[PDB]
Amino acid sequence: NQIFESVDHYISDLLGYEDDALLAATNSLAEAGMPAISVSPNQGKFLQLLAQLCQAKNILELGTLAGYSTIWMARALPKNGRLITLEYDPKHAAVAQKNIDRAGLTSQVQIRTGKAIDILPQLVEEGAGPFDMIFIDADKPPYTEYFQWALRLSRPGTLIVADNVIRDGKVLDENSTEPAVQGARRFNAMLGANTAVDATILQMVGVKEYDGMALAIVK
């Protein structure tokens, strides 16, 4: 509906200003032929406020892409803050590195290349925890496992965020055989049953297709 899309343009004119480093991140995608599957500016700004609400010095991010979301969330850090973002795709990492450097965030942001399910143990072992805020936005089937690792890297009051868990409302189809819809359905049922967190899911609308974000805080 034009109304969701028009209202999103209205919100970002007032409160979703994109500076050059962010415009560059978006354009890096077409240049490197990467998929246009980043958060929107308004989601970007939302992630920034939540980070500020956790008084974030330490942020964990699964799924860098060109580092659009990374720039928004790293800008909530104070001078001596740290964001560690995980990326399977070395092309994606290398582009995210240029985009982070163009933003003057080289000293605050570290990109680890490799599978999330291999890097997460290495973050436990090397005691890089606890994180103030953790953004999960990678492949969907192992969402339930990424969250277990998330908890293992949390402190009481850590905000965990998991994006695209509604999937245009396809999670209503018990009979859907898409790995992503089945990953989200497992994750949503797991959240619902999890006693280590209090949580909800936000329904989001705008220029980006009908989206669902999970928010969970660690007790």
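In this text, residue numbers run from 1 along the sequence as written.
Asks: Please confirm whether residue 36, modelled here, goes without coordinates in at least one third of the other compared entries that cover both its neighbours.
Replies: In at least a third of the other entries, residue 36 has no coordinates.
Asks: Using only the Cα atoms and their B-factors as the entry lists them, report which of 136 to 144 and 118 to 126 averages higher.
Replies: Higher mean C-alpha B-factor in the PDB entry: 118 to 126.
Asks: Going by the mean C-alpha B-factor recorded in the entry, which is higher: 190 to 198 or 170 to 178?
Replies: Mean CA B-factor is higher for 170 to 178.
Asks: Select one of 49, 62, 150, 161: the residue whose C-alpha shows the highest B-factor in the crystal structure entry.
Replies: In this record, 150 carries the highest C-alpha B-factor of the candidates.
Asks: So where's residue 57 on the chain's Cα temperature factor ranking, which third?
Replies: Highest third.
Asks: Going by the recorded CA B-factors, say which third of the chain residue 165 sits in, lowest, middle or highest.
Replies: It belongs to the middle third of the chain when residues are ordered by C-alpha B-factor.
Asks: Where does the C-alpha B-factor of residue 210 rank in its chain, lowest, middle or highest third?
Replies: Ranked within chain, residue 210 CA B lands in the highest tercile.
Asks: Compared with the other modelled residues in the chain, in which third is the CA B-factor of residue 39?
Replies: CA B-factor rank for residue 39: lowest third.
Asks: Taking only the Cα B-factors deposited for this chain, tell me whether residue 103 sits in the lowest, middle or highest third.
Replies: CA B-factor rank for residue 103: highest third.
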